[PDB]
């Protein structure tokens, strides 16, 4: 009666899941690592000198992010993430929160830098800047369940109203290990701002078992 989902099947994404997030047009994962942005770029613009966030096209521990609810929520396990709810993303390998802010990005002076911040900063003065949403492409899908692989979204920053974006026409220089740049795109409706959740790394037994649906005969 019971079957086990293959890796490639969709599952509901719940709060406290550890997920990877894949960009539709480039197949890159949202990635972070210890390296920091250069203090000053070649054109003289200054960065935040914060932790880099990049796009990386191979499986890696540094692609893993824990999905968290906002402060003051009373959420336990088994609670699905819904489209357009405010969420936070904690980078598992470094224990830092995803953050965007109105600082010019590495290659695009008019797009925003994406970084991560410490727990103390992110749960204190910088909290509002750690809020994102899995924004549905159509507004009527607000409140629908987020599922892996099959549900498109924009990774939307609440405080500055940008959508996280990446590209593979040109890559970061050696300081960014020739990974894809990530930045916050002010042109929210560009279809190149579309992502999915690729994997739920800490999937529980409740969600690995399913009963196959029956195809109706013609």
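Numbering follows the first chain given and starts at 1.
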Inset, instruction - For the higher mean C-alpha B factor in the entry, choose 68-76 or 113-121. - result: 68-76
Inset, instruction - Higher average CA B factor in the deposited record is what I'm after, so tell me if that's 41-49 or 59-67. - result: 41-49
Inset, instruction - Can you pull the Cα B-factors for 172, 188, 151, 28 from the entry and say which is highest? - result: 188
Legend entry - Deposited CA B-factor, highest of 12, 202, 20, 24: 202
Legend entry - residue 98 CA temperature factor, ranked by third within the chain: lowest
Legend entry - B-factor third for the C-alpha atom of residue 144 within its chain: highest
Inset, instruction - Would you check the entry's CA temperature factor for residue 138 and let me know if it's in the chain's lowest, middle or highest third? - result: highest
Inset, instruction - Determine, from the deposited record, the chain-internal third of the Cα B-factor for residue 81: lowest, middle or highest. - result: middle
Legend entry - B-factor third for the C-alpha atom of residue 89 within its chain: lowest
